[PDB]
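Residues per chain, in single letters:
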Amino acid sequence: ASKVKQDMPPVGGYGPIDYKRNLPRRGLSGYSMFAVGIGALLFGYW
Amino acid sequence: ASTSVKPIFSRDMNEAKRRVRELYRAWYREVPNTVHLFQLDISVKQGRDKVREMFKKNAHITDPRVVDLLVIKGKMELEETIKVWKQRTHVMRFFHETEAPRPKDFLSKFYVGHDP
Amino acid sequence: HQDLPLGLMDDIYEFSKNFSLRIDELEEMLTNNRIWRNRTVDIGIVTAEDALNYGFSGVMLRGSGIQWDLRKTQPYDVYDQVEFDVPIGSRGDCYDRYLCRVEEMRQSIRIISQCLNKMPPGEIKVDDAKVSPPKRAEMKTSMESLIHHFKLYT
Amino acid sequence: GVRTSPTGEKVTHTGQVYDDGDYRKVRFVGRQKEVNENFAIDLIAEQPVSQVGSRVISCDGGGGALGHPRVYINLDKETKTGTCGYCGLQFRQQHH
Amino acid sequence: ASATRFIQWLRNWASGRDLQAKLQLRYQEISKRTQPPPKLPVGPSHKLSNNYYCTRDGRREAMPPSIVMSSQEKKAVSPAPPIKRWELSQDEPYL
Amino acid sequence: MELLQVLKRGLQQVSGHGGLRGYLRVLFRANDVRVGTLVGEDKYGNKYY
Amino acid sequence: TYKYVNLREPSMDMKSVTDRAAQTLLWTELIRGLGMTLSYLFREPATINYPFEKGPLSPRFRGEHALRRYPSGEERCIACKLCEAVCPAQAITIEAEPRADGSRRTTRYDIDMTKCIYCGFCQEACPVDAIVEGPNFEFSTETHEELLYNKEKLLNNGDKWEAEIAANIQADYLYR
Amino acid sequence: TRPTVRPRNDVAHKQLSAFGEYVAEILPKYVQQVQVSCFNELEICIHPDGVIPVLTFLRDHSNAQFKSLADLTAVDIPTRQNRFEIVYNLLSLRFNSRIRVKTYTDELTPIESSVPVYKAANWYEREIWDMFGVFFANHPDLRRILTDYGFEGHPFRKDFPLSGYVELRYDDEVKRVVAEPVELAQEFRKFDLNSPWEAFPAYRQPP
Amino acid sequence: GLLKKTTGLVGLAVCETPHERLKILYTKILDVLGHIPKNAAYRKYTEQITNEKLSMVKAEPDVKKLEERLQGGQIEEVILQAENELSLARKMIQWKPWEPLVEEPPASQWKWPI
Ligand SMILES: CCCCCCCCCCCCCCCCCC(=O)OC[C@H](COP(=O)(O)OCCN)OC(=O)CCCCCCCCCCCCCCCCC
Ligand code: SF4
Ligand code: SF4
Ligand SMILES: [Zn+2]
């Protein structure tokens, strides 16, 4: 006796699948970005 | 009631002929501009005779509704030439320059094939 | 026409597992790029009333705030057994419509993840041999199945 | 098998060959005429006649679902053999 | 998958994500190109009894359109009940 | 250290094709100098890896 | 259910407003885009080395039509004309007559490979697995006339690709 | 339930029959026939003079609100006095329903343009003109849309041949693309497929 | 009772006085329907559904709860539909679709299959 065999998902189902937007956060704040930029100018002028 | 029908533009042949003539004047005055914009190899006289031939074919119509349609198609065919939506190939299709003459007499048709 | 070959659903799962990352990389190039926004924001604005009267459908409606999607309002097949969200725009311009299609790609990955897990067993065409052709094995042994194969294909 | 015409052009298994004065032969100048060398009428004539011990035998062409529709052949006449209408194989009843 | 550790670090930092976990090239997680033979099932109409075709003939149960009006106190009606309002998703209401 | 191993594999492709002459032959015919496991050869001379 | 894609209210505190001023003046999100292209510069490209490498296919692939034989050498086709009836492009032309031995066999079997839409209906209709679409997809020609196959060209293809055609049909006939 | 037979929805069949009567009571001047199919679709058949009244009522009435024109097309039946059957397919987002409105005309009788009611009808009516030759009165811009410039005839008419009357070609002598009568290297083959046995007795016609 | 910042539909502006605007329009519709014959079905039906929508407005001072009662989406959508009915009523007077059928179709105009 041979059982039926056709394409089926594995017992318990497949693992979870990510679908949501995941644009991460990087970099410093505006205050610190401006502080580093002005600091570079002051050293350059000196 | 059977012969009572809705008109398209003209209620009788007398008004229809007015539209036919206005259309003919439009085509007559456009040939020189057409023969120039498309750089055709025909002359203006040849162009204006083709318009005459096309109008002559439908000279036996006595239905005002039919005449209205022929004018509607003529005005459509005219708007394509003025605005250069056609191309030199489309304009020259009225002349059949690449089709060999086909005989009109019985004997010649007999020699070549079976068509009447 | 045919049933899925063995092993295809596993390969669909491996593809779907990584696709959401591909969309994110696409959004790192377009969504916040100021040059992209300038080309698509407040360009081609459609009012919710002009869209209906001009015959629009799909994201041309959903971009202008009209809440309409045939998959949810007039469902067909088994679209009423899956969960997804319909993106909706607010300004009805090119940028909002670009966000609706990017977000609809994510909701498709959500539907696909449910089709792979809720795929039932059975046959793959209606078991009425006056519409769908019989199996080739039974078309070569049974007289009715040969008659119905002959007539359906001629 | 393939036999050549008096003009040197091969004859196909359907019997096709251009006559000597047929202008259509010019298509083969500097080229060739595609002819399949395995004549099916000769190949099936080499197959031995299968001896069976029943009035009626069945043929499916071999391979089961990979053959042809299954047909039953009557072997009551000893003057000739039973031939399958699909694959051309022949069957004969053993001395009865 | 053959990228050195340094280049793996450089690519991950540049994109801001962990690319090595979701490579867009397939190596060994794919199905074998040779598979065991299947044995597909059969439909509900594969029976030896109680299976007459007149009891499952869909095409023969179609009927011509019913005529409600033809030229040859009543409460107003609409084609269907008004469509119910949609609900914001608790999954992610705002993108 | 891993930089060193990359160069070692780059050199072992030269030896894996039969020296410089074989290495250059597959660089101009195939535009690729990878080394694989021979799977077999057909009667016309093609080699499969 | 539905969700809004572009209905956010940006904050108006000083830190948030300064964050967008740094983004406007220092081009932060543009340089974030340069980094993504930099990452792809160090990823292995997906290009394959054709013609020495080939793109993967499956046993169901539909390529060059062909005519098969039985293991005895007899042709499988019996001129039933089901394929000619089902071909949506009318790319098949057939003529048949009794053979010298009385068999039902074709005397013409042409496929116009420029009318053909490579759809596979011819091989679904065939009751004897005679006309199949093989796995060959590299058969481009230099003239239009070489793509008008006749029975001799189709039988040559079958003899030429039988080793691969039979193995594919072995791998898929359980799904048909 | 029967696994192979499409299920019936008697609720939607009763609601669409009520609304069909509702429409015919409000426009007796135009409605000639209302029918509901066995798969729950509603057809309102009207005199061609009511194209604007009937459509305007269905778009603007508070219980109809058919604000979207799904499609507009024509069907050619050579055996009728009025060959052409004009079909309007409409949609209602408020009540989530569809409705079909049909009228008729012939080669010479015009029909009123629907652009005032539906701006979507602008291109559909050009397509009906181009392919069937039905003139729409008061159309802002009526002309061929799909066929080639200078094309003669209306190709979707049942009597227009499948392969047309002319075919194009490049002629080296005149250095342009020419039009010539059509000759086919292989004639289209005509199959007589209909079986001589009745398929559906439910649709049998009186003899 | 807070006013809404947006209707969500492009080109549809928020209305600060939904109750006042609807009473005017519904009253205007009922006054236009008075010029239509008494027996015409368009008048009988439109009055039936206009009054019950006008009674819902005059018995529900909350906008959010009013929308649930009317079942017409945003209150601005219900105002837009009132303006469409008013325009429709003004056009039915000129068309007079309550008259008998203009003409019968030919004998087999709606027969299918032929
Ligand atoms: C709201 C605030 C807006 C910003 C206000 C201005 C910010 C402060 C000034 C910085 C901006 C101007 C740029 C000046 C560049 C000077 C570079 C530097 O900082 O180097 C300091 C340097 C140290 O001394 P040094 O000479 O190097 O010692 C070795 C001697 N053997 O010494 C020097 O470099 C020389 C000294 C230069 C002094 C010039 C600035 C004086 C301006 C008056 C000070 C008050 C600031 C202005 C207030 C009004 C603003 C509206
Ligand atoms: S693949 Fe389709 S179109 Fe091509 S010959 Fe076969 S049946 Fe005809
Ligand atoms: S369907 Fe098969 S057997 Fe029939 S004519 Fe075509 S190739 Fe021959
Ligand atoms: Zn056999």
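Residues numbered from 1 in each chain as written, not as in the entry; some residues may be left out. Chains lettered and ligands numbered in written order. Part of a larger assembly, values for the part shown. Heavy atoms only, no water.

Method of determination for the deposited model, per the PDB record: cryo-EM, at 2.6 Å resolution.

Considering every one of the 18 pairs of chains in contact, the largest contact total is recorded for chains H and I. The two units chain B and chain D remain apart, with a minimum C-alpha distance of 22 Å. These two, chain A and chain I, are apart from each other, with no contact and a minimum C-alpha gap of 23 Å. (Contact = heavy atoms within 4.5 Å.)

A few words now on helix α1 (residues 8-30) of chain C. An ideal rise of 1.5 Å per residue puts 33 Å on 23 residues; α1 of chain C measures up with 33 Å between its terminal C-alpha atoms. Along its length, α1 of chain C reaches its greatest deviation from straightness, about 30°, at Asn18 of chain C. Buried within α1 of chain C we find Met9, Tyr13, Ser16, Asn18, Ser20, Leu21, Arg22, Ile23, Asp24, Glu25, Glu27 and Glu28 of chain C. Elements that come into contact with the buried residues of α1 of chain C comprise α6 (94-117) of chain C together with α2 (28-41) of chain G. (Helix = DSSP H or I, 4+ residues; strand = E, 2+ residues; numbered from the N terminus. Expected span 1.5 Å × (residues − 1). Bend = angle between axes of the 7 residues up to and from the residue. Buried < 20%, exposed > 50% of the residue type's maximum accessible area, 1.4 Å probe, protein only.)

So, about the sheet that holds strand β5 (residues 90-93) of chain D. All names here are of chain D. Taken in spatial order, the three strands line up as β1-β5-β4 in an open sheet, and their pairing is mixed. Each edge of the open sheet carries a strand with a single partner, namely β1 (50-52) and β4 (82-83). Pairing analysis gives two bridges linking β4 to β5, with the strands arranged antiparallel. Bridge pairing in β5 links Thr83 to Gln90. (Pairing = 2+ DSSP bridges.)

With respect to spatial proximity, the complete set of residues near ligand 3 consists of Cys77, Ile78, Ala79, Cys80, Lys81, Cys83, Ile94, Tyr109, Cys126, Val128, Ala130 and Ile131 of chain G. The residue inventory of the shell around ligand 3, partitioned by class, reads eleven nonpolar, no polar and one charged. (Near = heavy atom within 4 Å. Nonpolar A, V, L, I, M, F, W, Y, C, P; charged D, E, K, R; others polar.)

Residue and element names in this part refer to chain D. Within the first shell, the zinc ion (ligand 4) binds the protein through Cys59 (SG), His68 (NE2), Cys84 (SG) and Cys87 (SG), at distances of 2.1 to 2.4 Å. Coordination at the zinc ion (ligand 4) comes from four donor atoms whose angles at the metal span 105 to 113°, giving a geometry best classed as tetrahedral. When the donor residues of the zinc ion (ligand 4) are listed from N- to C-terminus, their spacing reads C-x8-H-x15-C-x2-C. Here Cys87 lies in the loop between β4 and β5 and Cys59 lies in strand β2 (residues 56-59), a separation of 28 residues in the sequence. (Donors = N, O, S within 2.8 Å, 3.2 Å for Na, K, Ca; no water. Tetrahedral: all angles 85-135°; square planar, octahedral: opposite > 155°, others 65-115°.)

Counting across every chain of the model gives 28 aromatic pairs over all chains. Summarising the aromatic geometry, the rings of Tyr76 of chain C and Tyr79 of chain C are spaced 5.1 Å apart at their centres and angled 70° between planes, so their arrangement reads as edge-to-face. What makes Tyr79 of chain C partly exposed here is its relative accessible area of 26%. Ring geometry for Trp129 of chain H and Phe135 of chain H: centres 6.1 Å apart, planes at 80°, overall edge-to-face. With relative accessibility at 4%, the residue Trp129 of chain H sits in the buried group. (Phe/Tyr/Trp six-rings, centres within 6.5 Å; stacked < 30°, edge-to-face > 60°.)

Time to look at the packing of helix α2 (residues 51-60) of chain H against helix α4 (residues 75-95) of chain I. Running from amino to carboxyl end, α2 of chain H crosses α4 of chain I at an angle of 160°, the nearest separation of the two axes being 9 Å. As summarised for this structure, α2 of chain H and α4 of chain I are arranged roughly antiparallel, according to the angle between their axes. Remark: the crossing between α2 of chain H and α4 of chain I carries left-handed chirality. For the pair formed by α2 of chain H and α4 of chain I, the contact residues are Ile52, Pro53, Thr56, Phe57 and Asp60 of chain H on the first element and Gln81, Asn84, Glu85, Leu88, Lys91, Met92 and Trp95 of chain I on the second. Taken together, the residues of the contact of α2 of chain H with α4 of chain I break down into six nonpolar, three polar and three charged. (Axes fitted to C-alpha atoms, helices over the stretch in contact; angles between N-to-C directions. Parallel < 35°, antiparallel > 145°, perpendicular 65-115°, else oblique. Left-handed = near helix turned anticlockwise from the far one by under 90°.)

As a further point, take a nonpolar patch on the surface. A surface patch of nonpolar side chains, amounting to about 660 Å² of accessible area, comprises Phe106, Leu107, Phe110, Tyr111 and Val112 of chain B. Of the residues examined, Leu107 of chain B reaches a relative accessible area of 45% and is grouped as partly exposed. (Patch = residues over 30% accessible without salt bridge, like charges linked within 9 Å, V, L, I, M, F, W, Y side chains within 5 Å. Areas by Shrake-Rupley, 256 points an atom, 1.4 Å probe, with all protein chains shown as cover. Salt bridge = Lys/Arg side-chain N within 4 Å of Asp/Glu carboxyl O.)

The subject of this paragraph is the sheet that holds strand β3 (residues 68-76) of chain H. Hydrogen bonds between backbone atoms are what pair the strands of a sheet, whose relative direction is either parallel or antiparallel. Strand order in this open sheet of six strands is β1(E)-β1(H)-β2(H)-β5(H)-β4(H)-β3(H), and the pairing throughout is mixed. In this open sheet, the two strands that pair with only one neighbour each are β1 (66-70) of chain E together with β3 of chain H. With strand direction ignored, the average angle separating the axes of adjacent strands in the sheet is 20°. In terms of strand pairing, β3 of chain H meets strand β4 (residues 84-92) of chain H through eight bridges, oriented antiparallel. Paired with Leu69 of chain H across the bridge in β4 of chain H is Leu90 of chain H. Helix α3 (residues 121-132) of chain H contacts β3 and β4 of chain H of the sheet and is inclined by roughly 10° relative to β3 of chain H.

Residues and elements named next belong to chain G. Position of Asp112 among the secondary structure elements: in strand β4 (residues 104-112). In sequence terms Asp112 and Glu164 are 52 residues apart; their C-alpha atoms lie 23 Å from each other. If sequence neighbours within four positions are ignored, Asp112 has contacts with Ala91, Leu147 and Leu148. Among the polar contacts listed, one links the side chain of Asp112 to the backbone nitrogen of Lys115, at a separation of 3.0 Å. (Polar contact = N/O pair within 3.5 Å; in protein donor to acceptor, adjacent residues only side chain to side chain.)

This part takes up the interface of chain H and chain I. Counting residues at the interface gives 34 residues for chain H and 35 residues for chain I. Among the residues of chain H in contact with chain I, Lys29, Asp60 and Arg80 of chain H are the three that bury the most area, contributing 21% of the side total. In this structure, the connection of chain H to chain I is made through one salt bridge. We note a salt bridge from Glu77 of chain I to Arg94 of chain H, for which the minimum N-O separation is 2.6 Å. Applying the counting criterion to the chain H and chain I interface returns 19 residue pairs in polar contact. Of all the elements in the fold, those that place two or more residues in the side of chain H that touches chain I are α1 (10-26), β1 (31-36), β2 (42-46), α2 and β5 (97-105) of chain H. Looking at which element gives the most residues to the side of chain H that touches chain I, the answer is α2 of chain H, with five residues. (Buried area = accessible area lost by both parts, 1.4 Å probe.)

Within the secondary structure layout, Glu29 of chain G lies in helix α2. Separated by 2.9 Å, the side chains of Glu29 of chain G and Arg34 of chain C make a polar contact. Contacts of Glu29 of chain G, omitting those with residues within four sequence positions, involve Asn32, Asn33 and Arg34 of chain C together with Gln23 of chain G.

What follows is about the pattern of salt bridges. Scanning the entire structure with this criterion turns up 80 salt bridges over all chains. Between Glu29 of chain G and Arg34 of chain C there is a salt bridge; the shortest N-O distance is 2.9 Å. Here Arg34 of chain C lies in helix α2 (residues 34-40) and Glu29 of chain G lies in helix α2, a pairing that spans two chains. Among the residues examined, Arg34 of chain C registers a relative accessible area of 24% and is labelled partly exposed. Here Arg100 of chain H and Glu43 of chain H are joined by a salt bridge, their closest N and O atoms 2.9 Å apart. With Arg100 of chain H in strand β5 and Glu43 of chain H in strand β2, the pair connects residues that are 57 residues apart, well separated along the chain. The class of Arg100 of chain H is buried, set by a relative accessible area of 15%. Each of the salt bridges in this network shares a partner with another, and the network as a whole consists of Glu41, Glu43, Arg80, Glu85, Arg100 and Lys102 of chain H.

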